[PDB]
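Below is one structure; the comments refer to it alone.
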Amino acid sequence: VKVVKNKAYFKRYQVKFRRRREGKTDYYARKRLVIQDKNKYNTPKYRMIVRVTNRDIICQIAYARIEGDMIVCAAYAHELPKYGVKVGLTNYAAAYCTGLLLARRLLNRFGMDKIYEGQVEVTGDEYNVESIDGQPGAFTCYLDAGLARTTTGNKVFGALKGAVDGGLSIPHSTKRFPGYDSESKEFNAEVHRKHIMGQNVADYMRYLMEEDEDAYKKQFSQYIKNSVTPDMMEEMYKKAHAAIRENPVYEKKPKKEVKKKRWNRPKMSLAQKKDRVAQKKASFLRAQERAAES
Amino acid sequence: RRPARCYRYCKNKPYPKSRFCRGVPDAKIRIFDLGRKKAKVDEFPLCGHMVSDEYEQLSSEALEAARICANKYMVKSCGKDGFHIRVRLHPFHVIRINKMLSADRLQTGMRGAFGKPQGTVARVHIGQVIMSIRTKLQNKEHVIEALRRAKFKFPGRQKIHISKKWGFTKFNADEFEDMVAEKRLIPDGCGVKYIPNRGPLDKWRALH
Amino acid sequence: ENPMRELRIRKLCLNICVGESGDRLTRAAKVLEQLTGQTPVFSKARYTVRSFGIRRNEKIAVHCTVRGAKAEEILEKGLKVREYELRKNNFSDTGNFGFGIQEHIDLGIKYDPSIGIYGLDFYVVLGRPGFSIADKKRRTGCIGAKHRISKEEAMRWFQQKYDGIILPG
Amino acid sequence: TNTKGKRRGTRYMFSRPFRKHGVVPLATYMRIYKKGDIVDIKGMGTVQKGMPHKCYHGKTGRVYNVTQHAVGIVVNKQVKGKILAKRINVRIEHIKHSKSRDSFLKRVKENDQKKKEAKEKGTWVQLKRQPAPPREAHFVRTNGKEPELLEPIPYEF
Amino acid sequence: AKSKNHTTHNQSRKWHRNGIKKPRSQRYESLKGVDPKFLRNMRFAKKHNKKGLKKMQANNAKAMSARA
RNA sequence: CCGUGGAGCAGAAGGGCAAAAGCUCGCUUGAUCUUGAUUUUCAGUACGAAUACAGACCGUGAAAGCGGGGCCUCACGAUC
RNA sequence: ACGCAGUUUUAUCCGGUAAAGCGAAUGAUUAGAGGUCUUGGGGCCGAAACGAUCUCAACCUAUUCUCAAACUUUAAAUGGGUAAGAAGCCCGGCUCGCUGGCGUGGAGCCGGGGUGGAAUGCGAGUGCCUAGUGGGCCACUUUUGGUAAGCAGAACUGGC
RNA sequence: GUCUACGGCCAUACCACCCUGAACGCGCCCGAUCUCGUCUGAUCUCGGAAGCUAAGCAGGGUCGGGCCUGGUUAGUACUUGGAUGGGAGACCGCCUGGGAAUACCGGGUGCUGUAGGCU
Ligand SMILES: [Mg+2]
Ligand SMILES: [Mg+2]
Ligand SMILES: [Mg+2]
Ligand SMILES: [Mg+2]
Ligand SMILES: [Mg+2]
Ligand SMILES: [Mg+2]
Ligand SMILES: [Mg+2]
Ligand SMILES: [Mg+2]
Ligand SMILES: [Mg+2]
Ligand SMILES: [Mg+2]
Ligand SMILES: [Mg+2]
Ligand SMILES: [Mg+2]
Ligand SMILES: [Mg+2]
Ligand SMILES: [Mg+2]
Ligand SMILES: [Mg+2]
Ligand SMILES: [Mg+2]
Ligand SMILES: [Mg+2]
Ligand SMILES: [Mg+2]
Ligand SMILES: [Mg+2]
Ligand SMILES: [Mg+2]
Ligand SMILES: [Mg+2]
Ligand SMILES: [Mg+2]
């Protein structure tokens with residue numbers, strides 16, 4: 001009596017798209033990130049995909065082909081305890097750290113480590129990579145922020161700054177890095193340098209240790225249950241960038257079987273389904289006979 | 001009212017009462033069922049229907065006269081509510097009239113010659129049923145005589161068939177009582193609802 | 001014996017529909033400012049009418065959304081005024097309700113002769129943890145069937161907390 | 001008097017057919033168009049910038065020019081008393097390859113491999129395409145059962 | 001004063017007298033209308049072909065003649 | 001809460017569009033200068049409209065790009 | 001053997017008409033059955049009461065009969081374009097201010113290597129000058145206006 | 001036998017409801033001092049990790065609705081070409097070739113690429 005339900009709605013319904021129903025892309029920006037202009041005919045346009053997830057950030061470089069996307073090089077946030085970043089897996093320091101790791105790993109795969117050193121002393125400047133004549137050209141790549149909103153302080157820009165100091169020629173404007181004053185249009189390099197080296201959580205740990213030890217034992221428990229103190233953080237990432245820039249080689253795991261198959265129910269067959277139907281017939285007929293009499 | 005000899009064989013494209021006509025008067029017929037409208041299915045076993053042989057047009061006034069003649073012969077023959085008659089064919093084509101003397105030469109010639117809408121006719125394909133009368137088994141001669149008396153009042157030549165199907169439905173009269181008695185066909189007023197067995201099981205559980 | 005599935009006050013909606021714009025509307029916004037401790041947000045009309053005198057893009061009403069501690073406090077004041085007695089048809093079928101009050105100084109704020117007396121509409125939605133899927137940008141899905149709130153669950157929660165009276169008449 | 005402007009006979013032709021409305025899939029974009037390819041032209045109503053015309057729908061031509069995000073085609077169009085090779089500039093969204101030329105390139109590569117193996121081993125492989133020959137004198141089987149007898153059926157209505 | 005306005009009768013039989021042949025299409029098609037950036041490339045490409053293509057191609061012709 | 005266009009896109013209809021071509025907001029003048037090619041009407045002349053480029057100087061965006069008027073099909077005019 | 005074709009085949013695309021469809025969107029439209037939310041309206045228990053009940057309409061559910069030049073999921077036959085090789089393959093190298101992780105891509109140029117690549121028929125290509133013509137009609141089939149015409153107006157092919 | 005990130009085909013992969021999910025992983029979740037943005041830390045942004053698979057998600061099921069495919073429909077409706085064929089006309093039958101759709105009935109209900117990880 002309420003509405004007219006829905007019957008031809010299904011017969012006329014278009015699905016949106018496979019990635020769009022899950023909600024992971026938009027295609028209105030992918031149709032301008034992916035597609036290479038036809039004057040170059042083969043030379044792919046490299047996308048730096050940086051995805052923020054709870055407990056883990058993902059830095060990948062991919063490109064596009066008609067069979068699918070081909071990922072050249074990938075670096076993940078949980079690899080950093082092998083490099084000496086024990087905890088802090090999703091901070092802005094881990095963003096800069098993973099970008100630096102990804103740039104060093106790509107340049108180590110292509111063999112262009114010794115040239116294009118980029119930046120060693122972390123300053124947070126507008127350091128754009130110049131190509132060197134008489135040498136192979138610099139790797140050029142373009143960001144994908146994804147569905148996440150580009151706001152000053154989004155750590156996809158921290159991953160960008162990590163890759164840029166690693167030595168990837170990525171075009172960027174400075175006004176979305178954190179520490180940028182929004183009213184007065186100047187940019188401060190020292191604030192962004194402090195934010196890369198991670199003295200924000202240093203100040204917030206000192207703030208919690210002054211104000212309330214209840215919250216300091218509420219969060220930061222994994223910090224104190226291995227070790228974190230602010231001077232050790234500010235020297236820790238300083239150690240960690242050199243530890244990455246000396247050995248980015250990534251030692252692949254042995255994977256292996258050593259496992260017992262069996263987790264998930266397979267598809268039951270036609271005859272078994274039809275005999276389920278037959279038992280559902282026979283039991284209801286038996287009930288109709290018996291309980292109506294008794 | 002122009003003679004129906006000229007408004008005959010389907011020459012022009014179908015021109016329905018629609019968004020573009022906007023000035024066609026009402027059709028002549030308005031009701032379509034005359035007998036026991038609320039008759040259930042087993043109350044009338046057989047049906048005789050009227051098959052067109054030619055490809056032509058039929059006018060709404062002709063349908064109006066024919067259903068009245070068949071109705072009158074039925075209610076004089078086998079009593080009120082001893083029949084259920086249905087005109088299966090509806091008029092939707094709209095014919096045009098370009099009328100003149102609007103007696104002198106001096107109005108216009110054939111200059112503006114898209115005619116005004118005259119009225120409504122019904123288009124017929126060969127082998128399409130005009131009327132269907134569902135009655136008892138005893139009323140077989142009365143159906144034949146009634147559709148004979150309507151045959152003179154339609155134009156052209158068309159024949160009269162006595163159906164193999166039970167009721168107005170599309171199922172065989174031989175298979176019908178043998179198959180409604182147990183399983184599939186549930187009666188629904190004058191109609192008959194078919195059931196497949198590829199439904200949810202709630203239909204079969206609500207049955208039996 | 002149920003894992004982390006708790007009915008909690010998701011947000012609390014506060015509405016004042018003044019018939020006109022200007023002075024009385026501004027004083028109504030001042031009322032909601034004194035209740036919430038935050039500035040209200042205005043409303044308007046897509047189409048006017050001229051029968052009761054509203055025009056297009058006239059600032060007709062004010063409202064506010066209050067979340068958390070102040071929300072449960074102002075809900076406490078509302079049930080304190082209406083004596084915990086809410087009728088059954090005050091609940092919607094989808095699990096949320098609204099009850100409303102007149103005489104805005106029943107809640108416990110000093111009256112000024114400058115402002116006046118307004119009729120204040122309270123609307124409560126109910127929330128379980130997990131409802132914040134449908135609002136966020138990136139991954140959005142249907143909420144599901146067993147997780148959503150029913151008429152019965154809402155009225156039993158209002159029987160449990162605040163000791164409400166249900167009034168089936 | 002037929003109001004001779006662009007795109008007038010196209011209530012159906014530039015339409016996206018059914019259960020395919022929406023964004024353009026990207027495999028149409030990510031294809032390689034070299035000078036000398038053979039392409040089909042098909043209208044897409046979703047991209048309204050560079051639709052060719054209503055004349056060139058379905059016509060199959062040769063590629064001769066490539067720009068940033070379009071392509072120039074040469075298409076044999078018939079006008080009044082003679083056919084002409086015109087030069088159109090069409091965006092990429094309306095274009096796909098003809099599979100005919102790729103099938104012919106597979107024919108050519110099979111012919112070259114058979115030619116090399118034939119010159120190797122002295123075999124005469126007959127690498128032309130022969131059209132459908134008449135049926136050879138085969139030999140049917142009627143074991144066990146007499147042939148089924150068919151007759152025309154009596155009329156009923 | 002009325003005349004037959006437009007028709008296309010007796011037109012195909014006129015068109016197929018001399019024959020509706022194709023537009024010839026000779027080798028090395030006309031190169032106008034192509035991308036000016038590509039054309040600016042190909043002109044310097046051709047003249048520097050004819051400039052520097054003497055010595056190393058003569059060496060490679062001698063080398064391929066020595067091989068075969 | 002449901003809601004595959006049942007709305008809106010200035011207008012006559014048709015086509016197309018749903019993290020959009022719709023609504024709101026922030027910046028803005030690419031509605032700028034210039035040579036050509038091509039389509040459309042077609043005699044394979046023109047005006048008009050349009051397509052794809054090229055070179056400046058810019059706007060925007062983090063960036064990829066987008067933009068040289070209106071989401072597309074009409075909105076306009078030789079010699080002297 | 002060059003080349004060509006009012007032709008067929010072999011592939012490969014394109015269309016939205018004939019037909020069909022409405023229990024698929026839009027538009028019209030016939031009739032029955034089921035259901036109890038919503039009223040207004042009739043009747044009844046009654047001081048009155050969504051106090052209870054019967055009825056009506058509307059509504060919804062599955063059905064049913066008929067349709068569409070300015071509707072359509074589907075979708076013919078006839079038809080339109082392209083391809084069926086030396087201007088093509090394959091190898092090797094040079095040049096580029098274009099492109100750019102890369103001696104990378106793409107074009108051009110050079111040298112080398114192997115023509116037997118559907119059926120059928122035929123000689124083709126090309127230039128100049130220019131007469132007459134710019135009042136048409138009929139026939140099969142498809143079709144628009146009209147009651148219709150030896151009427152007016154179109155399409156394909158032939159004829160006069 | 002699986003998931004994550006990016007995808008290609010764009011419903012065989014949707015929608016409704018009910019079951020099950022060990023390890024990683026995605027999440028849900030706990031808070032606003034910095035970067036950020038709102039009436040509102042609900043959304044967006046940011047430091048985490050006490051809990052939780054209840055939900056999303058992933059697998060399975062529904063004589064499920066829809067989709068795809070295959071029979072029946074049906075050599076039927078139509079149709080290239082032809083006849084000094086029938087017929088008053090309407091149209092219909094034949095030779096030549098090609099050949100469709102709904103109700104009806106049966107079957108299925110994702111396949112994959114690149115990089116990474118758990119049994
Ligand atoms: Mg975006
Ligand atoms: Mg008379
Ligand atoms: Mg003339
Ligand atoms: Mg929703
Ligand atoms: Mg429209
Ligand atoms: Mg947008
Ligand atoms: Mg430019
Ligand atoms: Mg048409
Ligand atoms: Mg038809
Ligand atoms: Mg002369
Ligand atoms: Mg002349
Ligand atoms: Mg003359
Ligand atoms: Mg015929
Ligand atoms: Mg004539
Ligand atoms: Mg005449
Ligand atoms: Mg704050
Ligand atoms: Mg702020
Ligand atoms: Mg929160
Ligand atoms: Mg879950
Ligand atoms: Mg569960
Ligand atoms: Mg099914
Ligand atoms: Mg499933």
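Numbers here mean position along the shown chain, with the first residue as 1.
Using N, Cα and C of the backbone, Cβ positions are placed for all residues, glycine too.
Annotated features in Swiss-Prot:
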MOD_RES   A:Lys2  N6-acetyllysine
MOD_RES   A:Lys45  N6-acetyllysine
MOD_RES   A:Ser182  phosphoserine
MOD_RES   A:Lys217  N6-acetyllysine
CROSSLNK  A:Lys217  SUMO2 cross-link
CROSSLNK  A:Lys217  SUMO1 cross-link
MOD_RES   A:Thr229  phosphothreonine
REGION    A:250-294  region 'Disordered'
COMPBIAS  A:255-265  compositional bias 'Basic residues'
MOD_RES   A:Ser269  phosphoserine
Distant-in-sequence neighbours of the region 'Disordered' (A:250-294), which means Cβ under 8 A and at least six residues beyond its ends: 75, 79, 105
Listed modified residues with Cβ under 6 Å from ligand 22, out of A:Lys2, A:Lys45, A:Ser182, A:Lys217, A:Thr229, A:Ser269: none
DSSP-derived helix, strand and coil totals, residue by residue, for the region 'Disordered' (A:250-294): 24 helix, 0 strand, 21 coil
C-beta crowding around A:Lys2 (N6-acetyllysine), within 10 angstroms: 4
Rounded Cα separation (Å) that holds between A:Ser182 (phosphoserine) and the residue listed as 'phosphothreonine': 32
Candidate modified residues A:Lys2, A:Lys217, A:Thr229, A:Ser269, pick with smallest Cα gap to A:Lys45 (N6-acetyllysine): A:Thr229
Chain-internal residues, separated by at least six, CB under 8 A from A:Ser269 (phosphoserine): none
Cα-to-Cα gap, A:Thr229 (phosphothreonine) vs A:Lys2 (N6-acetyllysine), nearest whole Å: 64
C-alpha spacing of A:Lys217 (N6-acetyllysine) relative to A:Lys2 (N6-acetyllysine), in angstrom: 55
DSSP state at A:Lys217 (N6-acetyllysine), helix/strand/coil: helix
Neighbour-count leader, CB within 10 A, modified residues: A:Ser182, A:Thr229: A:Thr229
Of A:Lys45, A:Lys217 (the modified residues), the residue whose Cβ has the fewest other Cβ atoms within 10 Å: A:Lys217
